[PDB]
Amino acid sequence: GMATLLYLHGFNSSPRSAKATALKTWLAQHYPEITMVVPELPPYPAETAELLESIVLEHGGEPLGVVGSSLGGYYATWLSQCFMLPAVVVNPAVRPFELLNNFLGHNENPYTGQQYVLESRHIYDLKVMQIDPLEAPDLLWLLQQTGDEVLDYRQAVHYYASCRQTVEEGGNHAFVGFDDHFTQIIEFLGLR
Ligand SMILES: [Ca+2]
Ligand SMILES: [Ca+2]
Ligand SMILES: [Cl-]
C-alpha cells in the first residue's frame, strides 16, 4: 500500500495526454513511492462515476489525491466532496452541461479512436454529480489560466472562490507550464 495520485483527463482526451505523461514521468523520477493511476474514462458520465468509485475503493486504504483537467476537474470535484479527498483542478469545467452540448451525437475520440454516441440523457447524468454548495472547500485547489480559449475562466474562479486558487494571466486551455506546480501539487494532496 502506497500513496497514490489519481489523474483524470478531459473529455475526448486520454491517459496519453501531455499533462498526464509529464506528471507521470516527473513523479517516477522524484517520488517513486507515489504511484500514479490514470484511467481511460468512459465518455458516458454515469459509467465514469461507477469506474471512479471502484478506483477509490481499491486505493482508499492509503493516501489518495486527485488531479483533474477540464471535465476531469469536474469529476475530481465530485470525488473530492463525496469521498473527502483532496483534489487539484486544472482549468476545470464547472458548467459541463454547456461544455458537452456540442458533443451531442456521434463522436470519435481523436486520441483513442473510440466511437460513441452522446445523448441528452448523458448530459442530465453529468448534472447529478454537481456539487453545490461546496461543503469542503479546504480540499480543493484551483489552477486556472485566464487565456483559456475553451472555457470562460471567470466561472471556475467564482465557483471555487472559497478554495485555494492560483490564477495566472494568459496561457491557454491546455495549461502552460503545468510542470512548474508539481511539487506544490504533491504537497497539497498530502502525498509527499
Ligand atoms: Ca495506493
Ligand atoms: Ca459537435
Ligand atoms: Cl473537457
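Numbering (the authors' numbering), first residue to last: 0 to 191. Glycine included, every Cβ here is placed at the ideal spot set by N, Cα and C.
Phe102 Cβ short of 7 Å to ligand 2 heavy atom set: yes
Counted within 10 angstroms of its Cβ, other Cβ atoms place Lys126 as buried (16 or more) or exposed: exposed
Coarse secondary structure for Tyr30, derived from DSSP in three states: coil
Paired residues, beta bridge with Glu167 - DSSP: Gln144
Buried or exposed (CB count within 10 angstroms, at least 16 for buried), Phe187: buried
First and last residue of the uninterrupted alpha helix (DSSP H) at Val156: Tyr152 to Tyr158
Residues near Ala86 in its chain [Cβ-Cβ closer than 6 Å; skip 5 each side]: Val65, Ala75, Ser79 and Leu139
Residues of its chain near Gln164, where Cβ-Cβ distance is below 6 Å and the 5 sequence neighbours each way are ignored: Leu141
Status (buried if at least 16 other CB within 10 Å, exposed otherwise) for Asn171: exposed
Own chain residues within Cβ distance below 7 Å of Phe96, not counting five before or after: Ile122, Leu125 and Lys126
Given 8 Å, three or more beta-carbon pairs between the segment 97-116 and the segment 50-60: no
Nearest-residue set for ligand 4, Cβ under 5 Å from any heavy atom: The model on display carries ligand 1, ligand 2 and ligand 3 but not ligand 4.
Neighbouring residues (CB closer than 7 Å to any heavy atom of ligand 1): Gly0, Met1, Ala2, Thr3, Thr34, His58, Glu61 and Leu63
Reference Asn100; option with closest CA among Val88, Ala135, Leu117 and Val93: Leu117
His8 versus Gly67: straight-line alpha-carbon distance, rounded: 6 Å
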